[PDB]
Structure formats: C-alpha cells, structure tokens
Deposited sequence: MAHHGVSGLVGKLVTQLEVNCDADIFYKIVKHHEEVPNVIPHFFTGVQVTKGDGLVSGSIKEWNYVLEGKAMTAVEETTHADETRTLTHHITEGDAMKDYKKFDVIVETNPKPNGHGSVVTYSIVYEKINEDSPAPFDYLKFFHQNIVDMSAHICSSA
C-alpha cells in the first residue's frame, strides 16, 4: 500500500462560498511561522503563495516547502509540498481542501494525497489529525449573522 489518500470531512453551518473565502485567507498555540513569497498570474494579482514553514508537530520541529493554489469556481485550495521533513516519508504529498453546499450549510473536505517512499513509511495520520483539529478550531470561531 504505497499510494493512498486520507480524508477528513466535516459539516459546517456556513454558506459554502463564504466559508471558502474564510479558509482561503486564514492557531498561535501550535508553534509555527513561515517565510516566502506570493505568486501572480499575469494581471499582477496574487494567485497563490510559496511558503517555507517552520512548525512543531507532536512535539517535533520540522520544515516544509508548500506551494498553494486556488480555484474559486470549485471552492478548492491545493497545497503542494515539495520539500521538508514529510518528504523523508513521502515521494508525493498534496493537501486538497474543498468546500461544497450540503445537498440539503456546507461540507468541508481535507484530503491528503500521498505516495510513500517505501512500505516502512507511515500513512500521514499525524497530519490528518493536525489539519482536522485546525479546521474544527477555525469553524468554532465562526457563527451566524
């Protein structure tokens, strides 16, 4: 089992497009900072970012290089990791965030698409829980009106 995908999906009581705009532009207790740049398309408007993150996951300090892009039409954010501690375990590591209206608020889906270096590599449950708790935190700071 070298290629796979982990997903956390959560219902949120918020219009999909509004929630997407919140996620696209947004905890201090988790140690983290980044340096990097913004990327533009051609009309001079920012379309994404390339960031080098320094962070602490489950007590351990790590770095990652991440390129973020977005698709407003499908309310999708994509984080493509090119370098860093996670690349000791994964040949490929991408995080896709989608927000959609409930067929019925919204459903938010975080998917971690991965390919392991070898069979001794773990699947990224640590990252799934980290992103899940981050999105639960953010969502509990949002309310109607």
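No C-alpha positions are given in the record for the deposited-sequence stretches 1-7, 34-36, 115-116, 158.
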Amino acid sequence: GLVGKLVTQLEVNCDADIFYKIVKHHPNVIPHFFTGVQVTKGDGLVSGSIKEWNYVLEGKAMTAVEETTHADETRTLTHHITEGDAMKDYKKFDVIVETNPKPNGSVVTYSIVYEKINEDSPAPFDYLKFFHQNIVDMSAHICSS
From here on, numbers count along this sequence of modelled residues.
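Taking only CA atoms, the mean B-factor in the PDB entry is higher for 37-45 than for the other of 114-122 and 37-45.
For the two regions 90-98 and 27-35, the entry's Cα B-factors average higher over 27-35. For the set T78, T109, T82, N104, the PDB entry assigns the largest Cα B-factor to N104. Remark: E58 belongs to the highest third of its chain, ranked by C-alpha B-factor as recorded. Per the deposited record, the Cα B-factor of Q9 falls in the lowest third when ranked against the other modelled residues of its chain.
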